[PDB]
Amino acid sequence: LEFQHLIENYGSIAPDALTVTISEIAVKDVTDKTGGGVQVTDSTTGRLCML
Amino acid sequence: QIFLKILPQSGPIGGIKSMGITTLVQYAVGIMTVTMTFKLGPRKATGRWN
């Protein structure tokens with residue numbers, strides 16, 4: 001819909017600015033579940049490297 | 001309503017014989033210019049995906 005609106009209403013387009021936000025990071029530990037399989041828990045010491 | 005007509009003009013009366021009463025053959029032309037303003041509402045915002 002928004003692309004239709006763009007091409008219906010405007011004569012030209014150019015890129016101007018970009019923002020990337022990484023949020024709600026969860027580094028999740030995995031361990032064996034009771035009765036088999038795995039279960040997941042949120043880690044307070046796990047770190048996501050962002051460069 | 002705008003009403004228009006040509007004002008009738010009398011033909012000659014006087015020393016000329018047999019004239020009777022006549023009107024001048026006249027017609028009118030011009031330019032009618034009509035300006036109308038319309039109020040326009042904005043389009044409603046669209047939530048659709050498609």
# chains A, B, ... in the order shown; residues from 1 in each chain; ligands from 1
call {"tool": "interface_residues", "arguments": {"of": "chain B", "to": "chain A", "cutoff": "12 Å", "atoms": "only C-alpha atoms", "output": "list in words"}}
result
residues 43, 45, 46, 47, 48, 49 and 50 of chain B
call {"tool": "write_last_selection", "arguments": {"atoms": "N, CA, C and O atoms", "output": "compact mmCIF listing (two decimals), in the first residue's frame"}}
result
# COMPACT_ATOMS: atom_id res chain seq x y z
N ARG B 43 -7.91 12.76 1.90
CA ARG B 43 -8.08 11.31 1.88
C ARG B 43 -7.97 10.72 3.28
O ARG B 43 -7.18 11.18 4.11
N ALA B 45 -6.71 8.01 5.96
CA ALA B 45 -5.52 7.19 6.11
C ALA B 45 -5.85 5.71 5.89
O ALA B 45 -6.89 5.22 6.32
N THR B 46 -4.93 5.00 5.24
CA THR B 46 -5.12 3.60 4.87
C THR B 46 -4.24 2.71 5.74
O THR B 46 -3.02 2.90 5.79
N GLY B 47 -4.85 1.76 6.43
CA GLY B 47 -4.15 0.75 7.19
C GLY B 47 -3.79 -0.52 6.45
O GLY B 47 -2.99 -1.31 6.95
N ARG B 48 -4.37 -0.73 5.27
CA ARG B 48 -4.22 -1.97 4.51
C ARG B 48 -2.76 -2.33 4.28
O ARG B 48 -1.89 -1.46 4.16
N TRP B 49 -2.49 -3.63 4.22
CA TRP B 49 -1.27 -4.14 3.61
C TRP B 49 -1.35 -4.08 2.09
O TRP B 49 -0.46 -3.52 1.44
N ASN B 50 -2.39 -4.67 1.51
CA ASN B 50 -2.51 -4.75 0.07
C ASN B 50 -2.84 -3.39 -0.55
O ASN B 50 -3.45 -2.54 0.10
call {"tool": "select_by_dssp", "arguments": {"residues": "chain A", "states": "strand (DSSP E or B)", "output": "number ranges by chain"}}
result
A: 28-32, 38-42
call {"tool": "write_last_selection", "arguments": {"atoms": "N, CA and C atoms", "output": "PDB file, in the first residue's frame"}}
result
ATOM      1  N   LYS A  28      20.307 -15.979  24.850  1.00  0.00           N
ATOM      2  CA  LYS A  28      19.546 -17.055  25.464  1.00  0.00           C
ATOM      3  C   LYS A  28      20.433 -18.275  25.672  1.00  0.00           C
ATOM      4  N   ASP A  29      20.577 -18.687  26.929  1.00  0.00           N
ATOM      5  CA  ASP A  29      21.158 -19.980  27.255  1.00  0.00           C
ATOM      6  C   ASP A  29      20.244 -21.116  26.812  1.00  0.00           C
ATOM      7  N   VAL A  30      20.861 -22.224  26.411  1.00  0.00           N
ATOM      8  CA  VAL A  30      20.156 -23.457  26.093  1.00  0.00           C
ATOM      9  C   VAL A  30      20.683 -24.567  26.991  1.00  0.00           C
ATOM     10  N   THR A  31      19.781 -25.437  27.443  1.00  0.00           N
ATOM     11  CA  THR A  31      20.162 -26.609  28.218  1.00  0.00           C
ATOM     12  C   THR A  31      19.167 -27.726  27.938  1.00  0.00           C
ATOM     13  N   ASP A  32      19.504 -28.927  28.408  1.00  0.00           N
ATOM     14  CA  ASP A  32      18.613 -30.071  28.256  1.00  0.00           C
ATOM     15  C   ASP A  32      17.320 -29.882  29.038  1.00  0.00           C
ATOM     16  N   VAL A  38      15.478 -29.673  24.412  1.00  0.00           N
ATOM     17  CA  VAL A  38      16.208 -28.577  25.031  1.00  0.00           C
ATOM     18  C   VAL A  38      15.221 -27.538  25.543  1.00  0.00           C
ATOM     19  N   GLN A  39      15.674 -26.755  26.515  1.00  0.00           N
ATOM     20  CA  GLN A  39      14.921 -25.614  27.010  1.00  0.00           C
ATOM     21  C   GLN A  39      15.823 -24.390  27.050  1.00  0.00           C
ATOM     22  N   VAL A  40      15.202 -23.220  26.937  1.00  0.00           N
ATOM     23  CA  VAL A  40      15.896 -21.956  26.726  1.00  0.00           C
ATOM     24  C   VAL A  40      15.633 -21.045  27.917  1.00  0.00           C
ATOM     25  N   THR A  41      16.669 -20.334  28.361  1.00  0.00           N
ATOM     26  CA  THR A  41      16.526 -19.321  29.398  1.00  0.00           C
ATOM     27  C   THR A  41      17.303 -18.069  29.015  1.00  0.00           C
ATOM     28  N   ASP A  42      16.784 -16.926  29.446  1.00  0.00           N
ATOM     29  CA  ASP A  42      17.447 -15.647  29.224  1.00  0.00           C
ATOM     30  C   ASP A  42      18.712 -15.516  30.068  1.00  0.00           C
TER      31      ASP A  42
END
call {"tool": "atom_distance", "arguments": {"atom1": "CA of residue 20 (chain A)", "atom2": "CA of residue 6 (chain A)"}}
result
22.1 Å
call {"tool": "closest_residue", "arguments": {"among": "A:8, A:3, A:44, A:51", "to": "residue 26 (chain A)", "atoms": "only C-alpha atoms"}}
result
A:44
call {"tool": "residues_around", "arguments": {"residues": "residue 21 (chain B)", "least_positions_apart": "3", "cutoff": "9 Å", "atoms": "only C-alpha atoms", "output": "PyMOL selection string"}}
result
chain B and resi 10-13
call {"tool": "write_last_selection", "arguments": {"atoms": "C-alpha atoms", "output": "tab-separated table (two decimals), in the first residue's frame"}}
result
chain	number	residue	atom	x	y	z
B	10	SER	CA	-35.74	51.09	-32.97
B	11	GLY	CA	-35.27	51.41	-36.70
B	12	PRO	CA	-35.74	54.73	-38.49
B	13	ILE	CA	-38.97	56.72	-38.44
call {"tool": "atom_distance", "arguments": {"atom1": "CA of residue 17 (chain A)", "atom2": "CA of residue 48 (chain A)"}}
result
25.6 Å
call {"tool": "atom_distance", "arguments": {"atom1": "CA of residue 8 (chain B)", "atom2": "CA of residue 28 (chain B)"}}
result
11.5 Å
